[PDB]
Every structure is written in structure tokens, then in C-alpha cells.
């Protein structure tokens, strides 16, 4: 009675909060259990494909998948569908090609979330000057909309010059180095966007280490303890926080509905909160912080 939860990496406070939500949902019923697995890094795409294939081959009851690539994971998800195994996608989209093969998609509206981050950037930076974009895995499902939404909004609503994008591969240490390097290369940098949890943490640490905290406008994504501290201490002006717990909890609950041959909502927006010093202790923020 296995429900296989497969995420981009287990080495992550973000994915551990998704696990928390999944654990909560599963613990309210007896018939199914979950496994929680992911490769060693978000860039390990082939390893994730192997995990999904293996789940199909051992005939799990259902799969909750945060695909590390929107295209590379399609063949394995098609195999799940051919095996009559319900699949729900969380966090990061699959290609349009795959639409027939899974039954729900729960995620941030990433284009909208990138736009909120860009608007926050402009309101603090203005509309002239240079900003840097620190991204994670190029073309990963959540990344396309998030960074594209950000970038397109900056272009349409300012004459800010974008430096980058740079790609951290979701490695904190890589983001730290890339940020250190962008700062050293661009003395006139007015702002900097870190598009996911590890990238934003490395970014914040780089800014602090460079002696530049508060001397340019930094905006992040996600809401773990490090990022909360960076908002509170003024290193980051804002961080855009997702419904990570909800993706796990409602992800599992959606699969449980499908396993009972019930109707589900195919596209579920798990919401966002832009967290700043002005709202960090409000209930709406506390509900998504972790």
C-alpha cells in the first residue's frame, strides 16, 4: 500500500517541510503508507528518473512527484500512467506533452510569484540601474515561470539592466561563490534576486561576507530559519514564501482521493506570501514559514 513521494533532493529544509505535510496527511488514515525519497542533488536528473521507474516497476499504489526536469521525467510518468498508477505533480511543472499522464498539479503560480518579487525589487530600487538574477537549475519546472515572470516584469516595467542569470544548481555553496563574484564584478549593483531556498541563502551569506548587507536590495524565495533571519537583520528586503507544507499535505490527500476513484481539482494553486519586516510575524506569514 505504498504511496511513493519523490522529490528533487532530500537534503533540503524546503523538501523536509513538504515531507512534514505529507506525513500529516498520511497519518490520518490506515490503508496506505508513504515513502519519501530524492536524489542527492536537484541537478541529478537521471537519478530521479531511475527512482520513478523503480517505483513503477515495484507497483506502488501512487506517486507524488516533484520532477527535477519538465521533459526528462515525462517517459517515466507515462510508464506510471500505462501501469494505472495515479500520479500527482507538485512544485515544478511537467511539459505539456505529459498532460494526459497525471491527474493533478499543486504548485505556486510561479509566473505570478516572480512578478511579485520583481515589483518588490522595483519599489525599493527604482527603475534605473543594474540588478543580478541568481537562479538554480535552468529550465527546471518552477524555475521557468518564476525567473521568466521576474525577468519579463523587470523588462516591461523598468529600464533595469539584468546581470546573469547565474545557475547555482540549487547548491548553497555555489550560490555563495556566484554571488561573491557578481558583487565583485559589479560595484554599482543596485539589487539582487535569489530564486530559491539554497540560492537565496548562499546569496545572503555572500552579501554579508562582502560587507554589503543593506547596501543593495536583495530579494529571495522561501522561508526557512536562515531566510527568516536575513529578513529580520535587513540583509534581505523580502522573501517570497510558498505553500510547501500544503503541497505535501494536499498532495497526499489528492492521491488518497484518486485511490478512492473520486474527482479532484486538476490545478491547485498552493499560494504565496511576500514576507518582509512589515509582516513576518503575522499569521499569514507564520502559516508558511518553517
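Positions refer to the first chain, counted from 1.
- Item | Comparing 154-162 with 180-188, the one whose average Cα B-factor in the PDB entry is higher | Averaging CA B-factors over each stretch, the winner is 154-162.
- Between 197-205 and 214-222, which has the higher average C-alpha B-factor in the PDB entry? Stretch with the higher mean C-alpha B-factor: 214-222.
- Query: Of 240, 52, 34, 45, which one's C-alpha B factor is largest in the deposited record?
  - Reply: So the option with the highest C-alpha B-factor is 34.
- Which one of 64, 40, 227, 264 shows the biggest C-alpha B-factor in the PDB entry? The record points to 264.
- Task: For residue 123, return the chain-relative third of its C-alpha B-factor as stated in the PDB record: lowest, middle or highest.
- Result: Its C-alpha B-factor belongs to the highest third of this chain's values.
- Message: Splitting the chain's C-alpha B-factors into thirds, which one does residue 147 fall into?
- Response: Lowest third of the chain for residue 147's C-alpha B-factor.
- Query: What third of the chain, by the recorded C-alpha B-factor, contains residue 279?
  - Reply: Highest third, going by the recorded CA B-factors of the chain.
- Task: Could you tell me which third, lowest, middle or highest, the C-alpha B-factor of residue 103 occupies within its chain?
- Result: For residue 103, whose C-alpha B-factor we compare with every modelled residue in the chain, the answer is the middle third.
- Query: Hey, what third does residue 72 fall into on Cα B-factor, ranked over its chain?
  - Reply: According to the entry, residue 72 has a C-alpha B-factor in the chain's lowest third.
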